[PDB]
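Okay, structure first, notes after.
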Amino acid sequence: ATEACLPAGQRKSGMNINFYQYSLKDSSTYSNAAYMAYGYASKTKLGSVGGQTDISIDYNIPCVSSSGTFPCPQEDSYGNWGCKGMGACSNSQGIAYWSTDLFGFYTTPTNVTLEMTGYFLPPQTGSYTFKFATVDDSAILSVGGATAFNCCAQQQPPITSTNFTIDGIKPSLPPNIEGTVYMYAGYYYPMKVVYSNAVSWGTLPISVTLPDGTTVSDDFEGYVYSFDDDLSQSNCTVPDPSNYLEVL
Ligand code: NA
């Protein structure tokens, strides 16, 4: 069974996002499981935002044209280089860019690592299939109190588990990388996404298919929550929700 939790403190809507330094055009650091599970936090912490319910990433670099500067959808880049409907671009694909596109935090989405944490609250008991439609550049998803982070300890340093629910670590990988978790209604499941980009475009389309077959994509409002740490809440961890002994 996947470990879940019952935090007793004030629930907040959305995930916390911590941002950490990642070097432009470093294509090797994020290829390692240890880095993606926890090593990212040994680099400089850039900052954080909270309360985020729209969690998909779709970062497009600028195209500087005489008609102005506009983000170029990845699929519209061509040549050496232009953007369809904009002509040739005067700016490089290969430098850092500053934007608030990631969760409103002003940083360099071209080169950054971020950690999303929160608790997923299943409305229905059954099999949930999480998916990343594509990954630019490297990402993991972990679900469970022994795999994502410890119950009632959302804000602590990362745990060392490499038992990822979705392993999207840059070796490129196929599209539509998926991992399934059997979940019991009403229990709060620790959830961690770590995402990294080294250059240019960044993409992580996150979705989950519910037991009833419906798909929730990008906007996880009503499903994801945060709690401030309470390391003193003795009963918080539920190692096997299918054998929890009290009334939920
Ligand atoms: Na990229």
Side-chain angles (χ1 to χ4, degrees), residues 1-17 33 36-37 51-58 115-135 139-154 158-159 161-169 173-195 203-227 230 233 235-248:
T2 300
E3 176 167 287
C5 334
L6 292 167
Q10 178 54 240
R11 194 177 71 169
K12 311 176 155 74
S13 180
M15 299 181 85
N16 183 263
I17 321 295
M36 291 303 285
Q52 300 296 308
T53 54
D54 300 321
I55 64 171
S56 289
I57 294 169
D58 182 27
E115 174 207 72
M116 319 187 194
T117 54
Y119 296 83
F120 185 87
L121 177 62
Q124 316 180 307
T125 292
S127 184
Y128 286 74
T129 306
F130 294 84
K131 187 170 65 77
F132 292 159
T134 193
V135 181
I140 60 85
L141 169 69
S142 289
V143 181
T147 75
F149 60 84
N150 295 326
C151 293
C152 281
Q154 187 185 342
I159 64 166
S161 183
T162 56
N163 187 15
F164 311 119
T165 302
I166 301 174
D167 182 340
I169 297 181
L173 295 169
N176 301 134
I177 312 152
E178 295 190 330
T180 299
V181 188
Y182 197 93
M183 298 173 134
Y184 299 86
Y187 298 84
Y188 284 94
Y189 284 84
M191 179 181 174
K192 177 171 66 179
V193 173
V194 176
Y195 165 79
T203 321
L204 192 67
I206 306 176
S207 63
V208 65
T209 300
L210 311 181
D212 69 7
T214 61
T215 299
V216 175
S217 301
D218 316 317
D219 179 7
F220 281 64
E221 183 164 32
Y223 297 93
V224 294
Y225 296 94
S226 293
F227 292 91
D230 185 4
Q233 190 195 319
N235 71 357
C236 187
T237 306
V238 180
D240 180 2
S242 79
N243 193 47
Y244 176 64
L245 303 187
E246 301 287 314
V247 175
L248 188 46

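Values below: every heavy atom of this structure, side chains too, minus hydrogens, waters and symmetry copies. We're numbering straight along the sequence, starting at 1.
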query = Got a second to check how far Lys12's NZ is from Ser226's OG, nearest 0.5 Å?
reply =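 If we round to the nearest 0.5 Å, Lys12:NZ and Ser226:OG are 8.5 Å apart.
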key: Nearest-0.5 Å distance that lies between atom NZ in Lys192 and atom OG1 in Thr165   =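 Nearest 0.5 Å value for the NZ-OG1 distance: 10.5 Å.
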Do the side-chain N and O atoms of [X] and [Y] include a donor-acceptor pair separated by under 3.5 angstrom?
| X | Y | result |
| --- | --- | --- |
| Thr117 | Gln154 | yes |
| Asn235 | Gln233 | yes |
| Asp212 | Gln124 | yes |

Quick check: closest heavy atoms across [X] and [Y], and the distance to 0.1 Å?
| X | Y | answer |
| --- | --- | --- |
| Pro122 | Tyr187 | CD-O, 3.0 Å |
| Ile177 | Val135 | CD1-CG2, 3.8 Å |
| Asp167 | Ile169 | OD1-N, 3.0 Å |
| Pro205 | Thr134 | CD-O, 3.2 Å |
| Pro190 | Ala148 | O-CB, 3.5 Å |
| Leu248 | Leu6 | CD1-CD2, 3.8 Å |

ask   = Are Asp219 and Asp54 close enough, and set up right, to give a side chain to side chain contact (heavy atoms under 4.5 Å, CB included), and what steps lead you there?
value = CA-CA 4 Å; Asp219 179 7; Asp54 300 321; 3.2 Å; yes
Output field: ring centroids [X]/[Y] closer than 6.0 Å:
| X | Y | answer |
| --- | --- | --- |
| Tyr184 | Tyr244 | no |
| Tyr119 | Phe149 | yes |
| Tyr189 | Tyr128 | no |

Counting C-beta onward and ignoring hydrogens, is there a side-chain heavy-atom pair between [X] and [Y] closer than 4.5 Å?
| X | Y | value |
| --- | --- | --- |
| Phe132 | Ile206 | yes |
| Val143 | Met183 | yes |
| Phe227 | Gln10 | no |
| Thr147 | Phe164 | no |
| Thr214 | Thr209 | no |
| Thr237 | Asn150 | no |
| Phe220 | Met15 | no |
| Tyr223 | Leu210 | yes |

inquiry  = Between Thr125 and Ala185 (side chain of the first, backbone of the second, donor and acceptor by atom type, cut-off under 3.5 Å), is there such a pair?
reply    =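 Between the backbone of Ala185 and the side chain of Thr125 there is a qualifying donor-acceptor contact (under 3.5 Å).
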key: Verdict with supporting geometry, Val224 and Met116, side chain to side chain contact (heavy atoms under 4.5 Å, CB included)   = CA-CA 11 Å; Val224 294; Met116 319 187 194; over 6 Å; no
Criterion side chain to side chain contact (heavy atoms under 4.5 Å, CB included) on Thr53 and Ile55, from CA distance to verdict = CA-CA 6 Å; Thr53 54; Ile55 64 171; over 6 Å; no
task = Spell out, with a plain yes or no, whether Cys5 and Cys151 have SG atoms under 2.5 Å apart.
result =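 Answer is yes: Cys151 pairs with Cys5 in a disulfide.
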task = Begin with the C-alpha distance, continue with both residues' side-chain angles, and end with the deciding distance and a verdict on side chain to side chain contact (heavy atoms under 4.5 Å, CB included) for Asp58 and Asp218.
result = CA-CA 10 Å; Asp58 182 27; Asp218 316 317; over 6 Å; no
